[PDB]
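There is one chain below, alone, in structure tokens, taken in the form deposited without nicotinamide-adenine-dinucleotide (NAD).
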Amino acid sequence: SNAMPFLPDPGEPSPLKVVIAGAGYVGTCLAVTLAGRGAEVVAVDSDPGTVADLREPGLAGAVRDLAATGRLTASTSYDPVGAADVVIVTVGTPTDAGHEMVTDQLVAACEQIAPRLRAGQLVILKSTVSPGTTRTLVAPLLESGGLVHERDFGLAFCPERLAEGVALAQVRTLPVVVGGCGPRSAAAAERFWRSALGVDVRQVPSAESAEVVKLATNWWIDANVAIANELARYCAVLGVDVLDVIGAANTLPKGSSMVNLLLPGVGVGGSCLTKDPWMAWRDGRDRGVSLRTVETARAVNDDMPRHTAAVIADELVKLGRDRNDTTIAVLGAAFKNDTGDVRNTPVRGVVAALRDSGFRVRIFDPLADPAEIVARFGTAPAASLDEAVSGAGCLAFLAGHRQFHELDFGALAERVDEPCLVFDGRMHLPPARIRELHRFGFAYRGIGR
């Protein structure tokens, strides 16, 4: 009979008790941010390794501090759901070869939460799902234990909009999109994010609407990266620098803000950009809508790793080098800068295409695990940066990690084999920095640069 049914008063002396189902990257970033603001958070993950550890810049140096305050704990069991105020589901939602969502992890998480759910609790789904999942799949699974959503517990979908590399800085200033499965669930979700995170909230009329926001965002990004890569390939045949063009074009106000030509790269990786547009495409296809912009964006960005390798080989040929006298040092293997995730990386495609022509390739990413490189590239990486760059006739920066921008190129020039080509895939070095490389005797070339 309450006016605020699914959430206590934010000025309550007792801490807010939060349970995060799925202690992945999104899960841990949210856990540390919530715990840092005074909430008692339990991270629940099926992997015993992740759980034992808990018990991204700034993440490891914040999980440790909050685990010591006692506000951040972890469990393999869903038993702490019963004492919780808010349950946030961030478990994996991978797609199959046919771009259909694999509900196995979500279904398992919901089947475990459902009997432990208590009236008055708030449940937020955060996993990237196909539209209608919160209301037609998740809600009935959570209702098996006798409760009814919106009436007994609040159920809302809230898209994850974390930027890998600057996640902990961006998380606490960015507005949260909230799609409630009803007016009670929508009000509780907004009240939660505003008090627990200190962020603004953008309400949408339904959970479905909030599910579309996520897929529309990744479709927009992936398709704009495709415009940008083709623009780079076009600038390349004109002898024009694409970054000067993008910079000048983006000074024009248009739509809600500015003309926003995204930066080009070596291709697109991660879950978000290579799966979410295909998921929208399949969902649309099953409903009779053809998403041609997705089809084209995915084909354009999937051809970039092979194109990047062709540009490298062509630029090396122009220096009088080839697959017989050049060893390529690939610096950066992750898709996202300031991350070490190589699960789905366009670097894999570049390396494979260079090795397909007959080139000797060395790999070095300072943030990636060596076994992760072995499992993804089939070869062990270089022991250190010096082992990778020594005798290299090419330095291919296929990830723009902070550590690569902090390097001394004057020292590098003394280790590499001259003439050495520096290929700027995802560094996007400014004109002043490019002059430094040439001064040390380096040949500089980039995608549309």
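Only the largest set of C-alpha atoms that superpose within 1.5 Å between the two forms is called the rigid core. Don't overthink the numbering: it's just position in the shown sequence, from 1.
Not pictured, yet referred to below: the form deposited with nicotinamide-adenine-dinucleotide (NAD) bound.
- Placing nicotinamide-adenine-dinucleotide (NAD) onto this chain by superimposing the site C-alphas, using its pose in the deposited bound form, gives no ligand atom within 2.4 angstroms of backbone or C-beta atoms, which makes the site open.
- Of the candidate stretches 385-393, 399-407, 414-422, 46-54, only 46-54 has residues whose heavy atoms lie within 4.5 Å of nicotinamide-adenine-dinucleotide (NAD) in the deposited bound form.
- When you look in the deposited bound form, the only residue of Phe359, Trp193, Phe364, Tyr78 with a non-hydrogen atom within 4.5 Å of nicotinamide-adenine-dinucleotide (NAD) is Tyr78.
- Contact annotation: of the candidates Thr293, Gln105, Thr379, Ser209, the single residue with a non-hydrogen atom within 4.5 angstroms of nicotinamide-adenine-dinucleotide (NAD) in the deposited bound form is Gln105.
- Although the partner is absent here, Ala187 is not a contact residue: none of its heavy atoms lies within 4.5 angstroms of nicotinamide-adenine-dinucleotide (NAD) in the deposited bound form.
- In the deposited bound form, no heavy atom of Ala74 sits within 4.5 Å of nicotinamide-adenine-dinucleotide (NAD).
- Interface residue remark: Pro370 is not counted as part of the site for nicotinamide-adenine-dinucleotide (NAD) in the deposited bound form, having no heavy atom within 4.5 Å.
- Although the partner is absent here, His149 lies well away from nicotinamide-adenine-dinucleotide (NAD) in the deposited bound form, with no heavy atom inside 4.5 Å.
- The candidate spot formed by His99, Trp281 and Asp302 lies out of contact with nicotinamide-adenine-dinucleotide (NAD) in the deposited bound form, as no residue has a heavy atom within 4.5 Å of it.
- For the partner-free chain shown, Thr90, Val91, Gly92, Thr93 of 79-95 come within 4.5 angstroms of nicotinamide-adenine-dinucleotide (NAD) in the deposited bound form, judged by any non-hydrogen atom.
- Lining up the core between this form and the one not shown shows that one residue from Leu30, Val41, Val389, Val44 moves its Cα 2 Å or more, and that residue is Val389.
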